[PDB]
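Undergrad: My questions will all concern the structure given below.
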Amino acid sequence: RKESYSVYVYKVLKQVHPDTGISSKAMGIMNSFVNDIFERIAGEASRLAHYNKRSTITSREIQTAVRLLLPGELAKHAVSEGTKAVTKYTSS
Amino acid sequence: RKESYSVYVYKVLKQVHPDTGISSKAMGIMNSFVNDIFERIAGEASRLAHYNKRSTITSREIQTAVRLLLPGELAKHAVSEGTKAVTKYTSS
Amino acid sequence: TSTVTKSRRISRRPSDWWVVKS
Amino acid sequence: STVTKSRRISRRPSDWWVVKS
Amino acid sequence: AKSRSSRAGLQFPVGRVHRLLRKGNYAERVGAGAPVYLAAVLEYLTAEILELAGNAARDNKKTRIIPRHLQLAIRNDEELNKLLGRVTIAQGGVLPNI
Amino acid sequence: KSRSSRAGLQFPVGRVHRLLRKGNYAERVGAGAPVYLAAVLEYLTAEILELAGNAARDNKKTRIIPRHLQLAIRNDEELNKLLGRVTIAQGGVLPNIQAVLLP
Amino acid sequence: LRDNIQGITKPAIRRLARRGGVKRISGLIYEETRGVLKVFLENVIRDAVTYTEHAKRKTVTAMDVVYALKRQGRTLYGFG
Amino acid sequence: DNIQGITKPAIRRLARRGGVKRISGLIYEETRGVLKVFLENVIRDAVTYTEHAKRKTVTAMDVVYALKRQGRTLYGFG
Amino acid sequence: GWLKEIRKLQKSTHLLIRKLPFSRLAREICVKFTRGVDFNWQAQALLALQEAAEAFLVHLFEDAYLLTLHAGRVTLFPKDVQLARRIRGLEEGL
Amino acid sequence: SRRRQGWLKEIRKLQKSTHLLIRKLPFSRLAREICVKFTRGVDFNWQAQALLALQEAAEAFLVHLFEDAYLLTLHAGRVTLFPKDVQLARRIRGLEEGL
DNA sequence: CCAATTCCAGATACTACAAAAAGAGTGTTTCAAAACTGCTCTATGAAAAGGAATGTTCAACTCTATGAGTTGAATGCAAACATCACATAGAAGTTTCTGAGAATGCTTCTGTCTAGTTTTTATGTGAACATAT
DNA sequence: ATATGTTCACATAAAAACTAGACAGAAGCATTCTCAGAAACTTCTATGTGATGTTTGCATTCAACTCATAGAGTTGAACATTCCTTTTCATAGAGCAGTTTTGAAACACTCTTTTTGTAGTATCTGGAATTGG
């Protein structure tokens, strides 16, 4: 049994465009993109935690890795989104 | 309370050139080189072990990583030295 | 030209990033 | 152009951007 | 009885990202907010790409996105082109340049 | 009774084994992987040190400085290809002048 | 022709150059292109065959090509 | 006007070590701008690395990590 | 004539080299590396290899034509490709 | 006749030494100015080794870029360097190695 | 060149289901705050000398229009092989199960790598003797 | 005629030799986990066919290129002088970094049950082709 991100990509597509479809090769490309970005961020956070003699990966390492990896406005908006998500998840 | 490879580099130098010294900056450069090569080979071996669904790093993974990373003649001589050291170590 | 997507992030088109400008 | 302790010929990087027949 | 991705108000899965972080030997311990942060960032990037892809598809009287639209959307953006600088899209083509 | 002496090496085996065990690479480590790695590292170190010593001796010197390491690395195509994105501090450049400029 | 390297004909090279934006080409370009393609294929195929024979298989898989391209610094998204 | 501290003879020495024989007058401002961009990128990365930890002093390892994260390795200060 | 050809080719997204010659060349290069054993190939592997090779060639041609325009000409020369490979720096041009 | 080719001996002497070519105080001033322009209002301290490493990296980068730009200059059929050579060298090196 | 018709491959929509993830509880561990110590960064003072700045000049460099020599994109026509439909055998890639060997966690004994002393030492600096350009 | 190549004192910041001593490494045994070996079967790859029509290969050519050269205009290297700016030798003050404890909160580990992505199956339709205006 295989695993991919097809259902979530389709959900966000129906959110941003209600009357637009997508092919299968485009879905494969999106899966590859998600996997690549995941690997980049996770590796950067791991080496950051290793540099400072820590054994835990927290949202602070993720935020620092995002600031190090993404360009300016993308990084600002991604930091805002992550902070809002963590704040919403904490108050539950 | 710091660790380095100074004594081993000095032993190798005495084996190669019995009447030659070395400065401190060159020793730091040699330490940096050793650490860099170690990190590269270990990361490639980890990736290889993860690709084939294994949880162990053996001499076969190290050999394949050496073949992948070093150019031709360097890789051949390094594989020769590695297998020679292994067969000399297992016979004791 | 540019594009103002949701969250008001101005999406600009690449230009001559290889030229020094004051 | 140089033979080290092990018989590995150490060559100078002459050229690599030209296609050779 | 209640999903964590719905707790965070997201569409991407949180438990799957947490499991993938735990089984990737990145560190011996993993926090609680790291998967939420990562899923939020991934969903934001996905939506950002998909909006421009849909716009590029609509500007050609099409109702279905193909790799050509993704290539156009990625190469017509500055920061997106900077992020994906060493990536090749299959069946994507090139941008018309004189 | 040392492991490095048992394998006929100068580099340490226990240190490489510990660094592999505490480097976040895999859940388990074999027995011949540190021996293989130490042998490869010692071979590379010996090659570089021999080339640098030859450079220093031809330069009429007795001690190796970073300039000799740079001269040894940049004059070997395989070592130059291996260390292609590395900068050596206080190493300088090779004396390369275009033939069109020289008369 | 008979040689396998001659199977890459001049029309295909011309189409690739025209897609790249080239307007006028010289006669000596085709052999240079063949040599460059040969070097590229040699590198990628060597890495892929190493990846394949590390496992105990006799068939080259698309994932081997993807891993070789990724380790050489070139990510491919379509065949993931 | 700290950017003017990089004088013309220093740029001349750098270009001469690089192998250049003749230099035009409009090159010094271009070199200053390129150096400014390089320093901005590296210093931004190094300051991020520094303030990730709870410190207020930039160290050599921060600069080394910032250079490594961009595809450039430095050996002398490890 | 050439203008319409370029404008039409820059809009399509299909492969430009035939499948059978590419397959033959790849198989012979692969059999040259092993010890005489013949390996099987999947179709997706050959397709991915062809895609990567064609993308690489198109990008290299773009860079070489940039160099040609800098040199003051309109016809592409092999030395333009060589200089582009040299400037790319031992890892991207090879 | 004042000096036939002093640039030749200058290049031959500069390609043999391994010392830094830019003064330390102006480089430190410029680095501190940029760093204080990046941080909000705080003034950070600097180790000496950090400034030395930064200067070494910057000078190596500049020398390599000058080599590539002079390659492009010689390809263009000239012996004098122009800013367009540096620009095209950056463009061909790409987004990372060309900044 | 665009517009309209028809066909079918390739989407969307629709269900069973099994395995992965919350729910809840329990045991482990780790990192920030506080107190103390030390350390090296910074701001200051007094000389000083050599390297940057101004100004001028002239031989060296670039730009551009032009004639002489080379070639490759367009065109017509005959050949031929990459493609495709169909079929078809069989090789090996994959799945399930089992079992012996290797890694590991723990403890005790050893030998050694490194920081603190403390003894030599290549070579940069200064000054001087032949010499190729 | 001058920087170049070579030669001698010296002392000195730098390399090198001793030491002792916490701490990292080695020896040995029971536990547990993993990867290799064996059998099958089913999917996918290699192989032959028919046509073939679709594309390519070969021969000309001349309009479109490249290349060498010389005159008009532009300018950056070379040089005298000066004084200002960077460098060197002391000098603390103290803001900031490094070391040690500990404990409360955060994270890992385990069994159960439900719910959600997956694999097949049944419908619907956007997109490509062809012909005609």
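Protein chains in written order, with UniProt numbering: chain A, 34 to 125; chain B, 34 to 125; chain C, 514 to 535; chain D, 515 to 535; chain E, 15 to 112; chain F, 16 to 118; chain G, 23 to 102; chain H, 25 to 102; chain I, 46 to 139; chain J, 41 to 139. All residues carry an ideal CB built from backbone N, CA and C; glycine is no exception.
For H:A84 and I:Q95, what's the separation of their Cα atoms in angstroms?
TA: Along the eighth sequence, read from residue 1 onward, the residue named residue 84 of chain H stands at position 60. Along the ninth sequence, read from residue 1 onward, the residue named residue 95 of chain I stands at position 50. About 45 Å.
Undergrad: What did DSSP end up calling G:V61 once you bin it into helix, strand or coil?
TA: On the seventh sequence, residue 61 of chain G is found 39 positions in, with the first residue counted as 1. DSSP places G:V61 in helix when its eight states are reduced to three.
Undergrad: If contacts are defined as beta-carbon pairs under 8 Å, then H:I27 and J:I62 qualify, I think. What distance do you get, rounded to the angstrom?
TA: What you label residue 27 of chain H is simply residue 3 of the eighth sequence in a count that begins at 1. What you label residue 62 of chain J is simply residue 22 of the tenth sequence in a count that begins at 1. Not confirmed; about 13 Å, so no contact.
Undergrad: By the DSSP assignment, the alpha helix (DSSP H) with J:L91 in it spans what residues?
TA: Counted from its first residue, the tenth sequence places residue 91 of chain J at position 51. Unbroken alpha helix (DSSP H) run through J:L91: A88 to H115.
Undergrad: Hey, would you say the C-beta of E:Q25 is under 8 Å away from at least one heavy atom of the ligand HEM?
TA: For the structure depicted, the ligand HEM is absent and the ligand set is empty, with no information on it obtainable.
Undergrad: Rank B:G76, B:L103, B:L102 and B:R100 by C-alpha distance to the C-alpha of B:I90 and give the top, closest one.
TA: Numbered from its first residue, the second sequence carries residue 90 of chain B at position 57. Of B:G76, B:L103, B:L102 and B:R100, the residue nearest in Cα terms is B:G76.
Undergrad: What residues in the segment 91–112 of chain I have a beta carbon less than 7 Å from any beta carbon of chain E?
TA: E96, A97, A100 and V103
Undergrad: Pull up the CB-CB distance for A:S65 and E:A48, whole angstroms please, since I reckon it's below 8 Å.
TA: Taking the first residue of the first sequence as 1, we reach residue 65 of chain A at position 32. Taking the first residue of the fifth sequence as 1, we reach residue 48 of chain E at position 34. Not really, about 23 Å apart at Cβ, beyond 8 Å.
Undergrad: So with Cβ pairs under 9 Å, would you call G:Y99 a contact of chain E?
TA: Residue numbering aside, residue 99 of chain G sits at position 77 when the seventh sequence is read from its first letter. Yes, because at least one Cβ of chain E sits closer than 9 Å to the Cβ of G:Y99.
Undergrad: Along the alpha helix (DSSP H) that carries G:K92, what are the first and last residues, could you check?
TA: Taking the first residue of the seventh sequence as position 1, residue 92 of chain G is located at position 70. Following the DSSP letters along the chain, one finds G:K92 inside the alpha helix (DSSP H) bounded by residues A84 to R93.
Undergrad: Can you give the Cα-Cα distance for residue 152 of chain J and F:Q113, rounded to whole angstroms?
TA: Summary: the structure shown does not reach residue 152 of chain J, with chain J confined to residues 41 through 139, and so no result is reported for it.
Undergrad: What's the gap between the Cα of E:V101 and the Cα of A:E114?
TA: Counted from its first residue, the fifth sequence places residue 101 of chain E at position 87. Counted from its first residue, the first sequence places residue 114 of chain A at position 81. Approximately 25 Å between the Cα atoms of the pair.
Undergrad: Report the partner residues of I:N85 according to the DSSP bridge assignment.
TA: The sequence position of residue 85 of chain I within the ninth sequence is 40, counting from 1. Answer by DSSP bridge pairing, in chain order: G:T81.
Undergrad: I need the boundaries of the alpha helix (DSSP H) containing E:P49, first residue and last residue.
TA: Taking the first residue of the fifth sequence as position 1, residue 49 of chain E is located at position 35. In this chain, the alpha helix (DSSP H) harbouring E:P49 covers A48 to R72.
Undergrad: Given a limit of 9 Å on CB to CB distance, which residues of the segment 73–101 of chain H reach chain F?
TA: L91, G95, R96, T97, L98, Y99, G100 and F101
Undergrad: If we define contact as Cβ-Cβ less than 9 Å, is G:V66 a contact residue for chain D?
TA: As a first step, residue 66 of chain G is located in the seventh sequence; it is residue number 44 there, counting from the start. Answer no: the Cβ-Cβ gap between G:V66 and chain D never drops below 9 Å.
Undergrad: Taking all protein chains shown into account, decide if D:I523 is buried (16 or more other Cβ within 10 angstroms of its Cβ) or exposed.
TA: Reading the fourth sequence from its first residue, position 9 is the one you call residue 523 of chain D. Label assigned to D:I523: exposed.
Undergrad: Assuming E:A67 contacts E:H83 (C-beta within less than 8 Å), just tell me the rounded distance between them.
TA: Your numbering for residue 67 of chain E matches position 53 in the fifth sequence. Your numbering for residue 83 of chain E matches position 69 in the fifth sequence. About 5 Å; that satisfies the 8 Å criterion.
Undergrad: In or out: F:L117 buried (at least 16 other Cβ within 10 Å) or exposed?
TA: Here residue 117 of chain F is taken as the residue at index 102 of the sixth sequence, counted from 1. When all chains shown are included, F:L117 counts as exposed.
Undergrad: Are H:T81 and J:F78 touching if we call contact CB-CB under 9 Å?
TA: On the eighth sequence, position 57 is the one that residue 81 of chain H refers to. On the tenth sequence, position 38 is the one that residue 78 of chain J refers to. For H:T81 and J:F78, no; Cβs fall outside 9 Å.
Undergrad: Cβ of J:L121 less than 9 Å from any chain I Cβ?
TA: The count along the tenth sequence starts at 1 and reaches residue 121 of chain J at position 81. It does not: the Cβ of J:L121 has no partner Cβ on chain I nearer than 9 Å.
Undergrad: Can you pull the DSSP bridge partners for G:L98?
TA: Reading the seventh sequence from its first residue, position 76 is the one you call residue 98 of chain G. Residue pairing from DSSP places G:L98 in a beta bridge opposite E:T102.
Undergrad: What does H:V44 reach in chain C if we use C-beta pairs closer than 8 Å?
TA: As a position in the eighth sequence, residue 44 of chain H is number 20, starting the count at 1. None at all; the shortest Cβ gap to chain C is about 18 Å.
Undergrad: Could you compute how far the alpha carbon of B:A82 sits from the alpha carbon of E:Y40?
TA: For the purposes of this step, residue 82 of chain B is identified with residue 49 of the second sequence, where counting begins at 1. For the purposes of this step, residue 40 of chain E is identified with residue 26 of the fifth sequence, where counting begins at 1. One C-alpha to the other measures close to 15 Å.
Undergrad: Applying the criterion that 16 or more other CB atoms from any shown protein chain within 10 Å of the CB defines a buried residue, is H:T74 buried or exposed?
TA: Position 50 of the eighth sequence, counted from the start, is the residue given in the question as residue 74 of chain H. Buried, because 16 or more other Cβ atoms sit within 10 Å of the Cβ of H:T74.
Undergrad: Taking Cβ positions only, does A:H50 come closer than 9 Å to chain C?
TA: Looking up residue 50 of chain A in the first sequence gives position 17. Under the Cβ distance rule, A:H50 does not count among the residues neighbouring chain C, no pair being separated by less than 9 Å.
Undergrad: Just reading off the alpha helix (DSSP H) that F:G107 is part of, what are its end residues?
TA: Taking the first residue of the sixth sequence as 1, we reach residue 107 of chain F at position 92. Neither: F:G107 is in no alpha helix (DSSP H) and is coded neither H nor E.
Undergrad: Below 7 Å on C-beta distance, what does J:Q55 contact in chain F?
TA: On the tenth sequence, position 15 is the one that residue 55 of chain J refers to. Around J:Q55, the beta-carbon contacts reaching into chain F at under 7 Å are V108 and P110.
Undergrad: Below 8 Å, how does it come out for the segment 111–125 of chain J and the segment 107–117 of chain I: are there three or more Cβ pairs, yes or no?
TA: Contact holds: three or more Cβ-Cβ distances are below 8 Å.
Undergrad: Using the Cβ count rule (16 or more neighbours within 10 Å means buried), how would you classify I:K56?
TA: Translated into positions along the ninth sequence, residue 56 of chain I becomes position 11. It counts as exposed.
Undergrad: Just the C-alpha distance for G:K92 and I:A98, rounded to the nearest angstrom, thanks.
TA: Translated into the one-based positions of the seventh sequence, residue 92 of chain G becomes position 70. Translated into the one-based positions of the ninth sequence, residue 98 of chain I becomes position 53. Each residue's alpha carbon lies about 14 Å from the other.
Undergrad: Are the Cβ atoms of H:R40 and J:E50 separated by less than 9 Å?
TA: The residue you call residue 40 of chain H lines up with position 16 of the eighth sequence. The residue you call residue 50 of chain J lines up with position 10 of the tenth sequence. Yes. Within cutoff.
Undergrad: Between B:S39 and chain F, is the shortest Cβ-Cβ distance under 9 Å, so that the two count as touching?
TA: Here residue 39 of chain B corresponds to residue number 6 of the second sequence, with the count starting at 1. Output row for B:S39: interface = no.
Undergrad: Taking Cβ-Cβ distances shorter than 8 Å, what residues in chain I pair up with J:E137?
TA: As a first step, residue 137 of chain J must be located in the tenth sequence, where it is residue number 97. Chain I residues near J:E137: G134.
Undergrad: Cα-Cα, which of I:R80, I:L112, I:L102 and I:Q89 is closest to G:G100?
TA: For the purposes of this step, residue 100 of chain G is identified with residue 78 of the seventh sequence, where counting begins at 1. Answer by Cα proximity: I:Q89.
Undergrad: Starting from A:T116, follow the alpha helix (DSSP H) in both directions and report where the run begins and ends.
TA: As a position in the first sequence, residue 116 of chain A is number 83, starting the count at 1. Start and end: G105 to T123.
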